[PDB]
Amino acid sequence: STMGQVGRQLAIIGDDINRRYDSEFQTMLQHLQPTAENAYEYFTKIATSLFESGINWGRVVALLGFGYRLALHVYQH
């Protein structure tokens, strides 16, 4: 039942993560204007340049979220 307590604190963290950077993702997507024909190439090099300048869990998270929004952007366009 303490599993709910820890689970509730992750819900706050995740909901805070979900809204804190959601706007910053869409700004990049508008400046990128990605399509199905360039999404893979855009994503792969962006990932390489991000990680070759350093990698940590937060950067992995930021890239995962970017890739998720990038996929949503391409599906809707």
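Quick note: we count residues from 1 along the sequence shown, nothing fancier. Definition used throughout: the rigid core is the maximal C-alpha set that superposes within 1.5 Å between two forms.
Comparing 10 to 18 with 64 to 72 in 7 other deposited structures of this protein, after superposition on the rigid core, the stretch with the greater RMS C-alpha deviation is 10 to 18. Mean CA B-factor, 58 to 66 versus 14 to 22: the higher value falls on 14 to 22.
Of the two segments, 29 to 37 and 44 to 52, the one listed with the higher mean B-factor is 29 to 37 (C-alpha atoms only).
Ranked by C-alpha B-factor against the other modelled residues of its chain, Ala71 falls in the lowest third.
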